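Chemist: okay, structure incoming, though there's no sequence with it:
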Ligand code: SF4
Ligand SMILES: [Zn+2]
Ligand SMILES: [Zn+2]
Ligand SMILES: [Zn+2]
């Protein structure tokens, strides 16, 4: 949350993000903005590139190409809002190697 | 004001108009028979290229007996450009 | 043209295969593209790409053109891929107008794409030697006679011939021969004196080399248009007018092309002397028929001159427009009923009309005419002019006038017919795929008998065929057979409406 | 008559059955007249003139029939015939005649004749796909698919 | 016996391919159909209706009522979409300019692109080059649009194609029958004379006969887009795999899950707090029902088109709640939050929830001078140290230190607060249970939320940041006071 | 140099930044969010994860800083170990 009365946390604003980028602490910036703030694990289908649930893709009615992925909850909300706006982001996953 | 609907409309709503029956006649029957004969005879035609099977399990003596044999038409390379020769 | 692409994909997958239908759909979607990029986009082997291109250009489906740097680009013919479905109708009309010899000639031409006259006559003879029996052999004389008759009647046409390389730029061979078309020898058959007898499939140098023939689909389209106009006038006035217009069209075919607003006018004297003697009709009766057809509010024929007695002309574009309007009103009647058809014809006769005027002229109570109008608007059978009083285009200060746009209506109906045939083909394929197991079972239990029919054929193998569990499945087999038959009949009959709409849309354009 | 009353309106209620009966009777009369003209086969022009039916003639015929009690006018019968034309079953022609038994329009006379349709029902209407109301939502893979269609299923079962 | 299937793969996103969905794909993605305009039931429990808005089958927004599609709570529910069919199509305000461009590019009769064969081949050859960038795509689109607008007649069918522009709001006008100062054309003459019956039955049509250009309503626009050849789709600079021209005109609306539409059950009154998207969707459903009722009852075209335009405007607001061409009488009374408004702005998803977002394990306190500490050291109060914890993994080095911290517990400053076992992820609170036993049963690999002790690296920052030196990582030292102290020599950076 | 590396002096505003950069996510996050998003949806332009802004948005280590290179483990191993000989083949 925002306020202290409602038990709110501090905000790493755009200026803080810029300072971290200038420093180059990539892992620090990641742990701050992704791990410790809005960390979440979603399920994405490798066939259609849509978001699934419980390792199941309702679009293709299959669960072989569905895989877990770490993603910020804010980014997931943005993807959902775009899909509602009809701007469908098709995520093409691949191995980390 | 319009009333509220509890369940969604049917996936296939009924219609009071039905399609007009097909025209009957020896001509239509012969056309149907000819189209069926074409469907049956064009798949075996050399022009009907099938998916080349691959990943054979093993080689056997019955390979020569079960070998599919079919004549292959020779395209006209004079009319066809040179980029299509094997 | 997603419906057209889907229909072409289904037709190619059902007629030639998958590795070829993929290339065909890729071509239809992307236009002209080099072979290397076509293969890179498809993702298959270069040999398979070459085979697909060759088997597609053999049937005159795709063409190759030269561009800068000597590159070759392959472009597919969606129009030809669509006309491919009209083969059964072509065979039927050629069998009706000619004999089984011409029927088999047209069949072989349509099934092989491009072949030589000698080859096609040999194939027809070999196939007719099986039709006939009792040692009677088939000679090539009558087959060549039928072939030259079809040629001079313009049902078969020679393909573009490759120019002589020795005379045209003798030297390095170009990547493509650049086949050209010549109208001089377009319908001139070669003089082949060699003859022979067809074989009965016992299973126990070319003079006309380079001269390939094909089926002239333009002639079949013109003949279908003529038959449609004849049937229309027959249902309208009488069979006498139908015979008269058939004779006029037969006389005009040779002197006119396949695209012209008006045909060459004919005179009463020539029409009379050309009309068959089978009808006891006189010159005054013919003149009366012509002058009463000229006064027809549908404008099938026209005077367009008074010299040489009774000079009259035929209005092909007007006839096609009338046929398209008839098709549209008939489909509206069958889809929404006689009242909606009445409203549609009213709003079509009246170029612009409002709801109150439609009601006053149709005598249809309120709450129904407006509903039918809104249904037609949602289904895209008409458009609103929406003449505004102010440039603000506010609904409360503008008049909405309904108007039926025949061109857009025909295009939408043609797209609907394409998608309907696509859905029917998909349903047939789905039924065949889901019942393939029973189909294979039937094929096996029938091959059990088809084998050893004569050699070592014992009677103890006839009472065990029906003993299997296939007997109760014969009902399902017959149901599938009749369903497939009805689906094929529907697909064939929708082809007539598709042809009508395509001819209308082709004749209503200028191509400037 | 425009603001109130009318031969069709009865107590602020449109007589759909009445107009349908009028249309059916007029079409039957015109069809019988055209059949008699075709059977006469004396001459094409005479056959056409006999198949032609005048507005006053059909009005007197409807009056002699007397289906309803309300008086039907020549303009009412003309509107009924225009509705029949819009229905695609009859054809009207305006000929030049100075004066006669009609004397309605100055110098012009409308003659009606029942005519057969241009072409029979087309092929699109013979398939369930052409008469489907949810045809817009058709798709290969989905809820509405031709493989599991009910329209085509019933059409093949019938 | 057992099939081999991979449990988890280290999948990394490569790139995002944006696109569009057709109505069929929208139906396939959606799970249920929302047709009821109401939200809750008539009973006093006020439960959400079935097949309606706020249904739990499209996610969950309450901690007590779980999702119906997936048997999970709100914290684990990702949400599901729904599809709502519209009686009449409507222009997509986001893609309205794209629709105008496509209409100006393609013909209004044959749906073909206004380009000759040579120009088509040139554009295909220029586009087939690898490494095509967004700027090059936009430049090619501009050039093709200019070259298509230069022409006036079609080379495929021969029909005339006038200018296409925007009139009013969400209405497209095509000047097909334009006024010709020179000899008029037979087409325009026939179009003008075809109003005989119109003028006879309404004299007001003759004075307004002019300016009667074609009105490309959503129906006609979709009918034209559905018949565009696929060969010309690449020429429109639109990826064919991403979407189709028929997708710009929407016939189904995608109602998002309840995670995006949070609902607060205010038991203090007879009402609840709902977002603006829910109200907009309810109004859209109500307008669809009203249009269906008018179609069934046979209403007048004028009011039918009025309702259609009102539905178009409501959809355009639901998409982007800030437009300019809104009529005065059709202007909304209050202000609503659209998707565009939620995305853009200072408190938006890009600037308010992605670039800058709030985190935990952080505090804010007043500073005080203390020269007795090094420049690289910062003082942290015991109160904030007992709250800010660090997860330390139990290893063969600090095993005894972690044991001592656990024995101390959350009360004494040097200690921990929670322990997460290696086998099970169930946290254990040290304030309850035998801390001695918890320390004696510390296995390697467990996590201990130890208190902030000396030697730990800690970030120290001032909210107004000008340069990178406004935030620095120091070493934390615990002190009994309640302020952040640091060497005053480092005040110049923080200012 | 960053302003004049394309041959034309491009400003740092929304009009001069879109011509230089290509990340759809970055262009949408900076300014003209909905406009740029709809334009990208229409063009079907696929956006990579090479930029720092989209890296931060997706929650992956940015390529700049410590993430430009990769680390390897100096484990005791033997590349291309001896293969067991096939007796039957
Ligand atoms: S449900 Fe079947 S019959 Fe109806 S439109 Fe779809 S494919 Fe055609
Ligand atoms: Zn999927
Ligand atoms: Zn859920
Ligand atoms: Zn055009």
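Modeler: Nice, I can see it. Numbering: from 1, shown residues only, chains lettered A, B, ... in the order given. Ligands and ions are numbered 1, 2, ... in the order given.
Chemist: show me where the stretch 351-500 of chain C has strands.
Modeler: C:383-384, C:387-388, C:398-399, C:402-403 (DSSP state E, counting those that start in this stretch).
Chemist: out of those strands, indicate the one that is most buried.
Modeler: Of all the strands of the stretch 351-500 of chain C, strand C:402-403 has the most neighbours on average by mean count of other Cβ atoms under 10 Å in any protein chain shown, namely a mean of 22. Every C-beta, even on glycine, is put in place using the N, C-alpha and C of the backbone.
Chemist: tell me what that one is packed against?
Modeler: strand C:383-384 (3 or more Cβ pairs under 8 Å, 6 or more residues apart in numbering or on different chains; DSSP states H and E).
Chemist: burial measure for whatever residue of chain A ends up closest to ligand 1, as a count.
Modeler: Residue of chain A nearest ligand 1, by Cβ to the nearest ligand atom: residue A:61 (19.5 Å). Neighbour count for residue A:61, taken as other Cβ atoms under 10 Å in any protein chain shown: 9.
Chemist: ditto for residue E:92
Modeler: Applying other Cβ under 10 Å, I find that residue E:92 has 23 neighbouring residues.
Chemist: now do the same contact list for the spatially closest residue to it that is not a sequence neighbour.
Modeler: Leaving aside its sequence neighbours, residue E:92 sits nearest to residue E:250 (Cβ to Cβ, 6 or more residues apart in numbering or on different chains; 5.1 Å). Residue E:250 makes contact with A:86, E:23, E:86, E:89, E:90, E:92, E:315 under the criterion Cβ atoms under 8 Å, 6 or more residues apart in numbering or on different chains.
Chemist: do residue E:260 as well
Modeler: So residue E:260 contacts A:77, A:80, A:81, A:84, E:79, E:277 (Cβ under 8 Å, 6+ apart).
Chemist: filter those residues down to just the ones in helices.
Modeler: A:77, A:80, A:81, A:84, E:277 (DSSP state H).
Chemist: helix or strand: which one has residue E:241?
Modeler: Counting by DSSP states H and E, no helix or strand carries residue E:241.
Chemist: now residue C:251
Modeler: helix C:239-255.
Chemist: elements contacting that helix?
Modeler: helix C:217-236, strand C:266-267, helix C:268-274, helix C:283-294, strand C:311-314.
Chemist: other SSEs contacting the second one?
Modeler: Which is strand C:266-267. Using 3+ Cβ pairs under 8 Å, 6+ apart, strand C:266-267 sits against helix C:239-255, strand C:311-314.
Chemist: just name the most buried of those.
Modeler: strand C:311-314 comes out most buried of the helices and strands packed on strand C:266-267 by mean count of other Cβ under 10 Å, with a mean of 20.
Chemist: quickly run through the sheet partners of that one, with directions.
Modeler: strand C:266-267 (antiparallel), strand C:301-302 (antiparallel) (DSSP bridges).
Chemist: tell me which of those strands sits most buried.
Modeler: It is strand C:301-302: most buried of these by mean count of other Cβ under 10 Å, with a mean of 22.
Chemist: quick one: contacts of that strand?
Modeler: C:245, C:248, C:262, C:290, C:293, C:294, C:312, C:313, C:314, C:315.
Chemist: of the strands paired with strand C:311-314, which is nearest ligand 1?
Modeler: strand C:301-302 (40.3 Å).
Chemist: give me the distance from that closest one to the chain's centre.
Modeler: Centroid separation for strand C:301-302 versus its chain: 27 Å, with Cα atoms, centre = their mean, to the nearest Å.
Chemist: cool, and stretch E:31-49?
Modeler: On Cα atoms, centre = their mean, the centre of stretch E:31-49 falls 25 Å from that of its chain.
Chemist: just stretch C:17-24 next, same as before
Modeler: For stretch C:17-24, the distance to the chain centre is 22 Å (Cα atoms, centre = their mean).
Chemist: buried residues in the helix or strand encompassing residue E:460?
Modeler: Element membership for residue E:460 (DSSP H and E) is strand E:457-461. For strand E:457-461, the neighbour count (16 or more other Cβ atoms under 10 Å in any protein chain shown) marks E:458, E:459, E:460, E:461 as buried.
Chemist: so the longest strand anywhere in chain A, near ligand 2 or not?
Modeler: As assigned by DSSP state E, the longest strand anywhere in chain A is strand A:88-95. No - using Cβ under 5 Å from the ion, strand A:88-95 stays clear of ligand 2, with a minimum separation of 10.2 Å.
Chemist: list the strands paired with that strand, with their directions.
Modeler: Assessed with DSSP bridges, strand A:88-95 is paired to strand E:11-19 (antiparallel).
Chemist: can you mark which positions in the partner strand are buried?
Modeler: In strand E:11-19, counting by 16+ other Cβ under 10 Å, buried: E:11, E:13, E:16, E:17, E:18, E:19.
Chemist: how close does the residue lying closest to residue C:388 once chain neighbours are set aside sit to ligand 2?
Modeler: Nearest non-adjacent residue to residue C:388, counting by Cβ to Cβ, 6+ apart: residue C:398, 4.1 Å away. Residue C:398 sits 47 Å away from ligand 2, going by Cβ to the ion, to the nearest Å.
Chemist: need the nearest residue in space to the residue most central in space within chain C, chain neighbours excluded.
Modeler: In chain C, the C-alpha nearest the mean C-alpha coordinate belongs to residue C:86, at 3.9 Å (Cα atoms, centre = their mean). For residue C:86, ignoring the flanking residues on the chain, the nearest one in space by Cβ to Cβ, 6+ apart is residue C:495 at 6.0 Å.
Chemist: then residue E:275?
Modeler: In space, residue E:275 is closest to residue E:261, 5.0 Å off (Cβ to Cβ, 6+ apart).
Chemist: show me what contacts the one you found?
Modeler: E:54, E:61, E:274, E:275, E:277, E:278.
Chemist: let's see that with 10 Å instead.
Modeler: E:53-54, E:58-59, E:61, E:79, E:255, E:274-279, E:281 (Cβ atoms under 10 Å, 6 or more residues apart in numbering or on different chains).
Chemist: and the two most separated of those residues?
Modeler: E:79 and E:279 (19.1 Å; Cβ to Cβ).
Chemist: comparing the two, which residue is more hemmed in?
Modeler: With neighbours defined as other Cβ under 10 Å, residue E:79 and residue E:279 compare such that residue E:79 has more, 23 against 16.
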